[PDB]
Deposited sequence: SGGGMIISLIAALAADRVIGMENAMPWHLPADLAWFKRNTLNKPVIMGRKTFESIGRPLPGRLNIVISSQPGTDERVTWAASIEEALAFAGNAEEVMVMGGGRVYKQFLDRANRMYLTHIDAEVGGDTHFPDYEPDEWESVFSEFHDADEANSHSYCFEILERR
């Protein structure tokens, strides 16, 4: 019943948008509809297996392995009856969906290194936190966080 729109993003120092983070992203997107910007799809260069790939863009695309949406309302309709839709970037897409999003999956990475939208922390409360030190596989330390709208 109903639908929850969730943002998922890896944020470095500032709002600027690591195998462990990819596992976390895989953990929280698999078996769910996914909405991404055209540039993000280009960067990934493929469809993500195990989920419905919705690419939101003003113009169509030559890749029919994914579904192309012309507006946010079209993208949400393409999610069907899914309980939760994952909005996975990029920065323009996060801007588009922030007001409609009630959940946020954030990975904070300790790297200096296009900004994530500014949001009032007063409107969001943390419902999960987990810190991980860098190790052999991961060059940096990172913190996983899930925020839900007050």
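Judged by missing C-alpha atoms, the gaps in the deposited chain sequence fall at residues 1-2, 20-28, 125-127, listed in sequence order.
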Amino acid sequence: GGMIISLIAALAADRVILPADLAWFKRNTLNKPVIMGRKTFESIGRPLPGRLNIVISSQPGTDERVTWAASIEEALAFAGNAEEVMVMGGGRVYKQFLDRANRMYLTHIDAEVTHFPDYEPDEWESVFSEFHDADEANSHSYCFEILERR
From here on, numbers count along this sequence of modelled residues.
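Between 117-125 and 89-97, the higher mean Cα B-factor belongs to 117-125. Checked against the record, the higher mean CA B factor of 35-43 and 80-88 lies with 35-43.
In the PDB entry, the Cα temperature factor peaks, among 54, 48, 106, 109, at 109. In the deposited entry, the Cα temperature factor of residue 10 sits in the middle third of values across the chain's modelled residues.
Looking at the C-alpha B-factors along this chain, the one for residue 22 belongs to the middle third. Split the chain's modelled residues into thirds by C-alpha temperature factor. Residue 102 is in the lowest one. In the PDB entry, residue 58 places in the highest third of its chain by CA B-factor.
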